[PDB]
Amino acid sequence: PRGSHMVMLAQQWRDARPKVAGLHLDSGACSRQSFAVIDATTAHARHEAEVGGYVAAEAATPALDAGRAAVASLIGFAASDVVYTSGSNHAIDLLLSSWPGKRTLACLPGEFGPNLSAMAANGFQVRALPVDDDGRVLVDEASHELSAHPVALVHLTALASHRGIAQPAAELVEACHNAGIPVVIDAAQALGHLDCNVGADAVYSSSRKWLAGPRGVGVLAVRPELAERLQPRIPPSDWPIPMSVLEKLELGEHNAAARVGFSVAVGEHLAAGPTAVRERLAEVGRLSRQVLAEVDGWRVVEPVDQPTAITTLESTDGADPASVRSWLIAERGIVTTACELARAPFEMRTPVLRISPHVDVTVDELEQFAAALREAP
């Protein structure tokens, strides 16, 4: 029952942000904005009012591009491959709505419901990939399956919203490449605590989660080979105006402030040491699961040493997590997320309570949670 690695990171992180009113263990849903991030945003809006809205935006180009670059660095793409979105669903929809010719797709059974929804809405046939009892892709079986039965692209949610299994992203991406098939990665969850530098052809993620930037921002990155094959829904493909596929994908009103906010927030991840941060988040999972290994009416779902901060609890006596969550919030200020089946229809047989705490979490807090979980009605 091993103890915690003391890191000045956990502490710097905590103090860089407003103090939690209660106890916040859902950076997986929406993390917490640093003062700098918050202020960077406010600043932009202030500046919009001074110099003019679109001149302010121009002025922010350095900062916007900063963020692209930072994002690019974490996924191994070019900054010029990275576009801004409203989030990871805007992202996957921009992508799939743009996707040329044949629209077959393989993905995990664990695939995110709203993703499947976008997949379906864009007319993709969607096969499952072989997995283990956890939902972790069997990379071998999948390679064989993908050669035998080819598919127009593979969509890998590298880290799932509903379960803290880290998918073997890089080895699936090579397997898929060996079969001559592109890989889209949903890194909404993964960007910030999984090595997202893995060879993917497109990646997307959201600002508000592990990168702890503003809501209303996400990113989509597409390798230029793929980017230029894409056919944006809007404008129509018979286009008088000459702009690139990515320029088309990034077209539309948006909170630029939030985007500069985001840029700060990514910068801050890089600043803290990507690799340093992921190791802590992995530890956070360990501690979280070791601390929660002993709770009646609640089973920990993920293997102890999954390198992840998402841990999920299945109720062993029919308790509904949705309720437990809103209890935990209203009574004890503890913020959690409650994952309904719709999050992963073809894998979740039963809902779960999701702890997703950041580096800042202490063993006290994990213990406060465990405690408060027991006292829960």
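Start at 1 with the first residue shown and count on from there.
Taking the PDB entry as given, 299-307 carries the higher mean Cα B factor of the two stretches 299-307 and 193-201.
Taking the mean C-alpha B-factor of each stretch as recorded, 140-148 and 203-211 are not equal, and the higher mean is that of 140-148. Out of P114, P182, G87, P235, it is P235 whose C-alpha atom has the highest B-factor in the PDB entry. Between the residues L246, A293, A118, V71, it is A293 that shows the highest Cα B-factor in the PDB record. Sort the modelled residues of the chain by CA B factor and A29 lands in the lowest third. Sorting the modelled residues of the chain by their CA temperature factor places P109 in the middle third.
Sort the modelled residues of the chain by CA B factor and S323 lands in the middle third. The entry lists a Cα temperature factor for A57 that places it in the middle third of the chain's modelled residues.
In the deposited entry, the Cα temperature factor of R229 sits in the middle third of values across the chain's modelled residues.
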